[PDB]
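*Asks:* Provided herewith is a single structure, encoded as structure tokens, for subsequent inquiry.
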Amino acid sequence: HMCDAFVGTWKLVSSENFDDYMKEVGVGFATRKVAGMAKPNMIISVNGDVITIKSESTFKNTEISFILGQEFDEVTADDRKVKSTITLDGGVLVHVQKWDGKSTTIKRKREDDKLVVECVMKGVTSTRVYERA
Ligand SMILES: O=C1C=C(O)C[C@H](c2ccc(C(F)(F)F)cc2)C1
């Protein structure tokens, strides 16, 4: 029951500062423009200890499956090959991605009826708000 309140199908309803976050990460112009238009569906499910997070959009469909605390390989939507570890910290899913000596953290939290995603690269934060689909 670890992630019960995350499970479901969620739709993006607002984004702030995502272009600047992508620039800080190193995403190129064309990818930033097309990715920034997307209104993804995020689908979260749990089966035993395995959590799956799928993102479906016009830009790209992504899927990760993982066990908390156990590092895995991830190919991001912008085509980075990263090493990821996801943990639960006081009810917040904390996702760290490491590649080329760099790091970024994505936090996913339940707040009221929303799922709030905060993406941080050094000093730059982006907030992406989802509602139930
Ligand atoms: O779970 C998530 C929910 C979001 O709203 C966005 C996050 C994300 C960050 C970065 C990228 C990029 F392509 F920029 F790396 C793609 C997606 C992933």
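Note on naming: chains are A, B, ... as they come in the structure tokens, residues start from 1 per chain, ligands start from 1 in the order shown.
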For ligand 1, collect every residue having any atom at a distance of at most 9 Å from a ligand atom (counting only C-alpha atoms and all ligand atoms); output as a ChimeraX atom specification.

*Replies:* /A:12,15,18-19,21-23,25-27,31-32,35-36,39-42,53-55,62,76-80,106-108,116-119,126-130

*Asks:* For the selection just defined, write its residues with N, CA and C atoms to a file, as an mmCIF file, in the first residue's frame.

*Replies:*
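Contents of the output file out-v2.cif:
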```cif
data_model
loop_
_atom_site.group_PDB
_atom_site.id
_atom_site.type_symbol
_atom_site.label_atom_id
_atom_site.label_comp_id
_atom_site.auth_asym_id
_atom_site.auth_seq_id
_atom_site.Cartn_x
_atom_site.Cartn_y
_atom_site.Cartn_z
ATOM 1 N N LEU A 12 -1.738 16.080 -17.359
ATOM 2 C CA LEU A 12 -1.056 17.349 -17.094
ATOM 3 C C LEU A 12 -2.052 18.509 -17.253
ATOM 4 N N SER A 15 2.064 23.733 -16.271
ATOM 5 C CA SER A 15 3.491 23.626 -16.263
ATOM 6 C C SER A 15 4.084 25.027 -16.013
ATOM 7 N N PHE A 18 9.312 24.867 -17.310
ATOM 8 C CA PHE A 18 9.830 23.615 -17.844
ATOM 9 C C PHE A 18 10.840 23.833 -18.954
ATOM 10 N N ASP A 19 10.656 24.858 -19.794
ATOM 11 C CA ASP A 19 11.661 25.128 -20.828
ATOM 12 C C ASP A 19 13.018 25.423 -20.168
ATOM 13 N N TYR A 21 14.073 24.488 -17.195
ATOM 14 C CA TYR A 21 14.591 23.228 -16.625
ATOM 15 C C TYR A 21 15.250 22.403 -17.739
ATOM 16 N N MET A 22 14.566 22.230 -18.873
ATOM 17 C CA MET A 22 15.132 21.456 -19.977
ATOM 18 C C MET A 22 16.432 22.088 -20.473
ATOM 19 N N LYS A 23 16.506 23.417 -20.561
ATOM 20 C CA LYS A 23 17.762 24.048 -20.972
ATOM 21 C C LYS A 23 18.879 23.702 -20.005
ATOM 22 N N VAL A 25 19.173 21.070 -18.139
ATOM 23 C CA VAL A 25 19.514 19.700 -18.327
ATOM 24 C C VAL A 25 20.407 19.483 -19.560
ATOM 25 N N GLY A 26 20.246 20.317 -20.558
ATOM 26 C CA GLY A 26 20.979 20.234 -21.805
ATOM 27 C C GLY A 26 20.141 19.838 -23.020
ATOM 28 N N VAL A 27 18.819 19.887 -22.925
ATOM 29 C CA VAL A 27 17.964 19.508 -24.021
ATOM 30 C C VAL A 27 18.081 20.566 -25.143
ATOM 31 N N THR A 31 13.888 19.643 -29.581
ATOM 32 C CA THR A 31 13.252 18.780 -28.553
ATOM 33 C C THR A 31 12.546 19.618 -27.513
ATOM 34 N N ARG A 32 13.142 20.698 -27.040
ATOM 35 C CA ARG A 32 12.459 21.525 -26.044
ATOM 36 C C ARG A 32 11.125 22.009 -26.574
ATOM 37 N N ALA A 35 8.651 18.888 -26.988
ATOM 38 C CA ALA A 35 8.346 18.328 -25.664
ATOM 39 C C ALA A 35 7.553 19.282 -24.841
ATOM 40 N N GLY A 36 7.830 20.587 -24.938
ATOM 41 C CA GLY A 36 7.123 21.543 -24.124
ATOM 42 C C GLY A 36 5.669 21.697 -24.516
ATOM 43 N N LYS A 39 1.061 17.389 -23.650
ATOM 44 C CA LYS A 39 0.144 17.312 -22.486
ATOM 45 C C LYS A 39 0.045 15.840 -22.080
ATOM 46 N N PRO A 40 1.046 15.301 -21.424
ATOM 47 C CA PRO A 40 1.105 13.862 -21.209
ATOM 48 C C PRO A 40 0.085 13.341 -20.225
ATOM 49 N N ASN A 41 -0.255 12.077 -20.402
ATOM 50 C CA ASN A 41 -0.967 11.204 -19.457
ATOM 51 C C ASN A 41 0.141 10.460 -18.662
ATOM 52 N N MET A 42 0.185 10.535 -17.335
ATOM 53 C CA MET A 42 1.090 9.752 -16.512
ATOM 54 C C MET A 42 0.272 8.668 -15.826
ATOM 55 N N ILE A 53 5.773 3.607 -13.872
ATOM 56 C CA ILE A 53 5.346 4.951 -14.266
ATOM 57 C C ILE A 53 5.462 5.049 -15.772
ATOM 58 N N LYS A 54 4.343 5.200 -16.442
ATOM 59 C CA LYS A 54 4.279 5.389 -17.876
ATOM 60 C C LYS A 54 3.903 6.815 -18.176
ATOM 61 N N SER A 55 4.496 7.381 -19.201
ATOM 62 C CA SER A 55 4.080 8.704 -19.711
ATOM 63 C C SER A 55 3.720 8.543 -21.155
ATOM 64 N N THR A 62 7.046 6.894 -22.729
ATOM 65 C CA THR A 62 8.088 6.390 -21.884
ATOM 66 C C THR A 62 7.469 5.420 -20.859
ATOM 67 N N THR A 76 15.724 8.607 -21.009
ATOM 68 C CA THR A 76 14.774 9.665 -20.797
ATOM 69 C C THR A 76 14.110 10.068 -22.123
ATOM 70 N N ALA A 77 13.086 10.905 -22.028
ATOM 71 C CA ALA A 77 12.350 11.296 -23.240
ATOM 72 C C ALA A 77 13.227 12.099 -24.212
ATOM 73 N N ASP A 78 14.206 12.807 -23.690
ATOM 74 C CA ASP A 78 15.223 13.522 -24.465
ATOM 75 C C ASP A 78 16.430 12.679 -24.833
ATOM 76 N N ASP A 79 16.367 11.378 -24.620
ATOM 77 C CA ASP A 79 17.396 10.451 -25.042
ATOM 78 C C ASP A 79 18.688 10.467 -24.262
ATOM 79 N N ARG A 80 18.642 10.911 -23.007
ATOM 80 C CA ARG A 80 19.789 10.656 -22.141
ATOM 81 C C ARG A 80 19.742 9.232 -21.652
ATOM 82 N N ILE A 106 13.736 14.591 -9.590
ATOM 83 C CA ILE A 106 12.325 14.746 -9.850
ATOM 84 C C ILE A 106 11.577 14.250 -8.618
ATOM 85 N N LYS A 107 10.793 15.116 -7.988
ATOM 86 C CA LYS A 107 9.968 14.752 -6.852
ATOM 87 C C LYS A 107 8.507 14.686 -7.295
ATOM 88 N N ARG A 108 7.776 13.680 -6.834
ATOM 89 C CA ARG A 108 6.357 13.499 -7.137
ATOM 90 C C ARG A 108 5.617 13.374 -5.818
ATOM 91 N N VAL A 116 1.726 16.579 -7.940
ATOM 92 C CA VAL A 116 2.621 17.681 -8.249
ATOM 93 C C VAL A 116 4.011 17.099 -8.496
ATOM 94 N N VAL A 117 4.598 17.453 -9.623
ATOM 95 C CA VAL A 117 5.926 16.975 -10.042
ATOM 96 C C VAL A 117 6.866 18.176 -10.057
ATOM 97 N N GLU A 118 7.935 18.127 -9.303
ATOM 98 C CA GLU A 118 8.952 19.163 -9.247
ATOM 99 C C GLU A 118 10.233 18.610 -9.811
ATOM 100 N N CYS A 119 10.757 19.241 -10.844
ATOM 101 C CA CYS A 119 11.974 18.813 -11.526
ATOM 102 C C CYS A 119 13.035 19.863 -11.246
ATOM 103 N N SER A 126 11.228 23.368 -12.015
ATOM 104 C CA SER A 126 9.977 23.389 -12.759
ATOM 105 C C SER A 126 8.925 22.642 -12.018
ATOM 106 N N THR A 127 7.676 23.129 -12.046
ATOM 107 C CA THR A 127 6.558 22.511 -11.387
ATOM 108 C C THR A 127 5.554 22.139 -12.460
ATOM 109 N N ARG A 128 5.107 20.864 -12.425
ATOM 110 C CA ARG A 128 4.161 20.302 -13.367
ATOM 111 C C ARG A 128 3.021 19.706 -12.540
ATOM 112 N N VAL A 129 1.811 20.167 -12.733
ATOM 113 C CA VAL A 129 0.639 19.749 -11.954
ATOM 114 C C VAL A 129 -0.227 18.853 -12.762
ATOM 115 N N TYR A 130 -0.595 17.694 -12.181
ATOM 116 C CA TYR A 130 -1.479 16.725 -12.800
ATOM 117 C C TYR A 130 -2.768 16.580 -11.960
#
```

*Asks:* Check the DSSP output for the backbone and give back, as a ChimeraX atom specification, the residues of chain A in strand (DSSP E).

*Replies:* /A:8-16,41-47,50-56,62-66,72-75,81-89,92-99,102-111,114-121,124-132

*Asks:* Can you pull out every residue within 12 Å of residue A:47, counting only C-alpha atoms, but drop anything in the same chain fewer than 2 positions away, and send it as number ranges by chain?

*Replies:* A: 1-4, 7, 44-45, 49-53, 65-67

*Asks:* Between atom CA of residue A:92 and atom CA of residue A:63, measure the distance and give it in Å to one decimal.

*Replies:*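 One can read the atom CA of residue A:92 to atom CA of residue A:63 distance as 19.5 Å.
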
*Asks:* What does the structure give for the distance between atom CA of residue A:104 and atom CA of residue A:10, in Å to one decimal?

*Replies:*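 Going from atom CA of residue A:104 over to atom CA of residue A:10 covers 22.6 Å.
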
*Asks:* Between atom CA of residue A:99 and atom CA of residue A:74, what is the distance, to one decimal in Å?

*Replies:*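 Computing the Euclidean distance for atom CA of residue A:99 and atom CA of residue A:74 yields 10.3 Å.
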
*Asks:* Write out as a VMD selection string the set of residues from stretch 9-102 of chain A that DSSP, computed on the backbone, places in alpha helix (DSSP H).

*Replies:* chain A and resid 18 to 25 29 to 37

*Asks:* Which of these, A:97, A:14, A:70, A:57, has the shortest distance to residue A:115 once you count only C-alpha atoms?

*Replies:*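 Among the listed residues, A:14 lies closest to residue A:115.
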
*Asks:* Which is closer to residue A:6 than all the others in A:132, A:110, A:33, A:122, using only C-alpha atoms?

*Replies:* A:110
